[PDB]
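In the order they appear, the protein sequences are chains H, Y, a, M and I.
Just so we're aligned, residue 2 is where the first sequence starts under the entry's author numbering, counting upward by one.
Just so we're aligned, residue 1 is where the second sequence starts under the entry's author numbering, counting upward by one.
Just so we're aligned, residue 4 is where the third sequence starts under the entry's author numbering, counting upward by one.
Just so we're aligned, residue 2 is where the fourth sequence starts under the entry's author numbering, counting upward by one.
Just so we're aligned, residue 16 is where the fifth sequence starts under the entry's author numbering, counting upward by one.
Step one of this worksheet: look at the structure below.
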Amino acid sequence: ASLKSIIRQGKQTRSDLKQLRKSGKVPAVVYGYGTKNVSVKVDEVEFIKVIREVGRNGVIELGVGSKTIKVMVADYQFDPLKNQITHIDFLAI
Amino acid sequence: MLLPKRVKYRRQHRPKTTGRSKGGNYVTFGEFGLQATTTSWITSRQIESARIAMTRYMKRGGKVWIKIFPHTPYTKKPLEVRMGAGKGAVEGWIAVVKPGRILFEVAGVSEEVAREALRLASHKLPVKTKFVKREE
Amino acid sequence: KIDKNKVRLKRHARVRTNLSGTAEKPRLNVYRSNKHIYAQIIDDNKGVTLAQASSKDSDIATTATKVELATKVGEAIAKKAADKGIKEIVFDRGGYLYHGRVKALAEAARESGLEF
Amino acid sequence: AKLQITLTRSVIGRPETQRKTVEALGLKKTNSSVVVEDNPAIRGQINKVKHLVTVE
Amino acid sequence: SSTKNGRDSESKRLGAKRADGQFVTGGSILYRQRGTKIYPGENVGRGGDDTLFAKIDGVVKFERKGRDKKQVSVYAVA
RNA sequence: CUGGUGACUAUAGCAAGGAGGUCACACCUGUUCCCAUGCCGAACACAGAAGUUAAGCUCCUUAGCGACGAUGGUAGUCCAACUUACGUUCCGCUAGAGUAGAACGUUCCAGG
RNA sequence: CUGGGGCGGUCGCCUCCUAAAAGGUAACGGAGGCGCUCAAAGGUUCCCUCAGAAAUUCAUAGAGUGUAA
RNA sequence: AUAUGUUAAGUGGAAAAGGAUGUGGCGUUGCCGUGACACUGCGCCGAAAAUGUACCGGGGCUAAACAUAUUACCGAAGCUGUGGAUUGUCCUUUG
RNA sequence: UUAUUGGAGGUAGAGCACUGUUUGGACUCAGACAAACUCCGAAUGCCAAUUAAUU
């Protein structure tokens, strides 16, 4: 149900995101009306496992601060050359 | 084969080739597609050859889309001429295929039939390609 | 309907680029309605007004209501402006043809001590 | 003062703009050093030639 | 196998001539141009050949006129 | 809240619905006079029995079209170093989404 | 002048692109034009708003600007 | 030299499309020890020239190779130690 | 020379709002190309202040 997500605080230097994307973690943002801009870290293995069950445009469960606020996926990045996810914009409902 | 009915200027520069594909990376029109992983100039000759191969294999049962087009004309000179005395004369028409771009799309056949068709088409093109399907 | 007052403001904008845009000021801006006529002395370095006079500020005596009322309005504005010490004016006609009522508001203010 | 600056690399093969900044810092020959009060303006000069100079 | 091209004009040194916030005298040219890429503000006049010159001496400043348009103005020092 | 006149990057609009009357603004009524139509009192301009909110006009509600618009990410790049396209530091778009948003506003004259 | 010389083309001026967001910037690099015209196609003052699609409506400008851009 | 892995071709110490049960890693599924694949690191075939080995400088090495990270040393007319010569500028001492 | 501030300019990028090239649908929807296309748009370089800290 609830998924842990460590928050990435401050400026993420390019080598930080580069050597993180070579390890299995993807940045992401969660916002809406009430909660705004918690730049957090999301795992690539569990996210695909939840998207295989709920779908691409469904409601994806995720713990924003160790709590579920029924966040919905708005858009996501993807590079066609490696089959690796890049970023998610997590609109809070 | 393929070329513009009219261009405004008959003699252009050569197009840049370093970089990555800017648009057209996703299988939009059909079900399966062939994706490029190396920069090159794709002439209209090998486009029209790869299309013949891919369609003759499927026995013209499925549908095929060509996601690229030769827009830019390139020029060449006479055999023994020395350097100088103006530009060349138009020779052919090219497309620039950088890594990422989806070249051909196929729809209306099984997975293995399309995989064999897009294998036999990718032996007539000067780039290295891989088989992708519609982004789930 | 061409909305007569809207086609007046285009003409006024075209009037008011060489008039208190690079030229002498204050302006004596007039405004013409179906019945009355209004005028005010304006300066545009700040954007404030210095006088007022109308065809409805108790100037009525039931004369030929359109031209003579313009004359009385002009006399009133000319006696106001010379009070505060303003003997200089550029005349912005507001986009009305300088004829009849606006012409009378103007040429009845020159004779009352306010020299264009 | 603070910020002891020492030239470590030569300025042969470096663009002229980098050489001008080293002269402004007061550094002269290789292995020479200077002492300067810390400013936001002196920090910028050291950053431009940070590879050439060593600061303590 | 000759060429038919090969003639070009001679480059008119156009563009701005006085930076912003600078002091200028009573006749200095501020901007060369064809047409009006930039309009005259206040204390700035436009020549018959499109060009912007200062009428008085003061600080020069580039403002924005409406949207997608800009102007230049000269203001009195002190 | 009504009127005149200025400043402002459509957060200032277009479109769709509702309300308002002769104290103001217009429609109107008609060419005696000023003036006018390259034909035509349609406009311009001259004077005004009487009547209407129909349209103009001002105001109220709409997020359909426009305009505005973050954070995160990406592309691109000054610098450096390896060496042939990366790898470290800085700046950092476009597009797209979350959103403001059905304007604020000076000075005068009036019912107040 | 000249990717050796000759034969071919060019030689002065204006406008774009190459040109790397100031200005300048080359090649026998890529495209065009000039060697005038107007007594109103000049000055000043008033008034007016176009192409095109179905006298009316739509229209923001897709017209026109003597002559290339 | 120290620590942990890679490979076996003498790669290292030239070259492409394309071909392959070579070997290391991570991941992900389908039938209960076997199959499928995804992305990867290092290789191997493709690979034929003229006086003489002859595409490491030589010997020679599968570690004296490659990747990762530390600790020493060698190394220039650079820099510094000592002595001296010329030109300057300061005046701590016209020194 | 750096750092603080202001300014002119349209290239890399991207985009289809004009000009041209272009693919597949319905009867306008998706998707692409541009040195001489731009509704947009850097990093830097440039011009200054009569500004400071070094030299």
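Here a beta-carbon is modelled for each residue, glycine too, at the ideal position from N, C-alpha and C.
Counterpart residues of residue i in DSSP-defined beta bridges
i: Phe131/Y; result: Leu34/Y
i: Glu105/Y; result: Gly33/Y and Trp65/Y
i: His88/H; result: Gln78/H
i: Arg35/a; result: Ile40/a
i: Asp6/a; result: For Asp6/a, which the question treats as bridged, DSSP gives no partner whatsoever.
i: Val27/H; result: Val43/H
i: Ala89/Y; result: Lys76/Y
i: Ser34/M; result: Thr7/M
N- and C-terminal bounds of the beta strand (DSSP E) containing residue i
i: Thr75/Y; result: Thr72 to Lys76
i: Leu8/M; result: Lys3 to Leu8
i: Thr55/M; result: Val54 to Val56
Three-state secondary structure (DSSP) of residue i
i: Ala121/Y; result: helix
i: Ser40/Y; result: strand
i: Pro41/M; result: helix
i: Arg30/a; result: strand
i: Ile94/Y; result: strand
i: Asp86/a; result: helix
i: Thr74/a; result: helix
i: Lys42/H; result: strand
i: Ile47/M; result: helix
i: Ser88/I; result: strand
i: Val18/a; result: helix
i: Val93/a; result: strand
i: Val113/Y; result: helix
i: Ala81/a; result: helix
i: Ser6/H; result: coil
Test: residue i CB closer than 8 Å to a CB of chain I
i: residue 143/Y; result: Not covered by the structure: residue 143/Y. The range shown for chain Y is 1 to 136.
i: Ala95/Y; result: no
i: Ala50/Y; result: no
i: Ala107/Y; result: no
Range covered by the alpha helix (DSSP H) that runs through residue i
i: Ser16/H; result: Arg15 to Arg22
i: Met54/Y; result: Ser44 to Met58
i: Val46/H; result: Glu45 to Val55
i: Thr18/M; result: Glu17 to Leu26
i: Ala109/a; result: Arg104 to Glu110
Any chain H beta carbon closer than 8 Å to residue i
i: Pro15/Y; result: no
i: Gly86/Y; result: no
i: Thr129/Y; result: no
i: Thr38/Y; result: no
i: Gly23/Y; result: no
i: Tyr26/Y; result: yes
i: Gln12/Y; result: no
i: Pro73/Y; result: no
i: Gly30/Y; result: no
Any C-beta of chain Y under 8 Å from that of residue i
i: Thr18/I; result: yes
i: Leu18/H; result: no
i: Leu82/H; result: yes
Quiz item: Which runs of the beta strand (DSSP E), 3 residues or longer, sit entirely within the region 21-85 of chain I?
Solution: The region 21-85 of chain I contains these whole beta strand (DSSP E) runs: 44-47, 53-55, 59-61, 66-69 and 73-79.
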